[PDB]
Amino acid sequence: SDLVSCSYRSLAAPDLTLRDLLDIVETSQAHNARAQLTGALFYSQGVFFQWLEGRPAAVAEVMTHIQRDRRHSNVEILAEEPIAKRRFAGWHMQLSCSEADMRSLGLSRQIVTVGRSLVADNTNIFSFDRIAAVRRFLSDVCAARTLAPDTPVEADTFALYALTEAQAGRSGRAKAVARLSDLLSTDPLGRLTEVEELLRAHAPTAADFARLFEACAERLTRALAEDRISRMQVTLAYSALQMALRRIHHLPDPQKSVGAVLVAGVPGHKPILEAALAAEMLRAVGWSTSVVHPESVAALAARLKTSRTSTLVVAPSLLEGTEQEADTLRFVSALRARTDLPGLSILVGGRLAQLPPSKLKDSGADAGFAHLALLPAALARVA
């Protein structure tokens, strides 16, 4: 064989256009054709996935150029593996984007459309599940269209690919969450290294961390309810998780950003972990994010009229939920009263996000996210 594959994830320049994508595709088609490289490029919501395959030398050279490109950043290698045969034969470099992005760019082949519609807001689907699903889907479309070019492929076909990948990961993740919950319930600070190794193995991205934390959080909420652990124990666990999070994920603020967003806790609530997670997730998709823990409504009012950052995410506290709801209501309402800003957008999480959007209209919050990992998606809708 002696064929190798390399795949990465990167953050497209916030000002990326169709002309750019097309230039990339043409340059790549020409060069990959000469150098005997094949693969696919997937663009969705400011993010790139690329797969490249060929002889080692060819892949290395082209990656040397790509890594230095200025139309994307935060290039993260995902795989460098030997393959037995090409997954994208005949595709020197094929472009593909999501259905939503297809709408947003005004496109309708030859660009392979991927329908994320049915699975995008499914919190059981982890980041690597989505990556693998896109890979398998595109490789399959490549085979298919090699066999029958004029035979169209249903976009929402991708849904099944994603769901299947996630289901494959499900049991192992259940084990991880169980083991984790045990650690957090016993002595999470005495065994922080084990907590970290677990989190590092099962949560490659910040959104994955958030998924695990949501699962653990309902587990421990149950435990505390049944008086199986103490409040002090939940505090310990919370500290441990903050430390583990900072050790593992700590993205710098994107220099080229898609926009700016303020992440705040409700005064008295200390959504330290959840706000940190919110910031990591939003930074990972290209948002400039600031975390604020105000102790008054007026403070945040000041920071907002000073920042002119028209978007505010109220991070929920998923472990102090005795009175998170009415507190958040009062806080957001008050904020709206002290404010004179028609462009301001407010997003809310937690139990408040579980109410029907009629209540959301009634609330003064603009939109909700019933789960942390849904935050990026909820934000994009408002922007």
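All residue numbers refer to positions in the sequence shown, first residue = 1.
Quiz item: Counting only residues of the deposited sequence, how many between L107 and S108 have no atoms in the entry (none, 1 to 3, 4 to 9, 10 or more)?
Solution: Count of unmodelled residues in between: 1 to 3.
Exercise. Compare the mean C-alpha B-factor of 187-195 with that of 227-235 as given in the PDB entry, and name the stretch with the higher value.
Key: That would be 227-235.
Self-check item: 237-245 set against 253-261, stretch whose average Cα temperature factor tops the other in the entry
Solution: The recorded data point to 253-261.
Self-check item: Residue with highest C-alpha B-factor in the PDB entry, from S317, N32, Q354, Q50
Solution: The listed residue with the largest C-alpha B-factor is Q354.
Quiz item: Which has the highest CA B-factor per the PDB entry: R303, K175, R130, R200?
Solution: So the option with the highest C-alpha B-factor is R303.
Quiz item: What third of its chain, lowest, middle or highest, does the C-alpha temperature factor of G39 fall into?
Solution: Lowest third - that is where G39 ends up once the chain's C-alpha B-factors are sorted.
Quiz item: Hey, what third does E80 fall into on Cα B-factor, ranked over its chain?
Solution: Ranked within chain, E80 CA B lands in the middle tercile.
Exercise. Comparing against every modelled residue in the chain, figure out the third that the C-alpha B-factor of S1 lands in (lowest, middle or highest).
Key: Highest third, going by the recorded CA B-factors of the chain.
Quiz item: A148: which third of its chain by C-alpha temperature factor?
Solution: Within its chain, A148 is a middle-third residue by C-alpha B-factor, going by the deposited values.
Quiz item: Is the Cα B-factor recorded for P294 in the lowest, middle or highest third of its chain?
Solution: Tercile = middle for this residue's CA B-factor.
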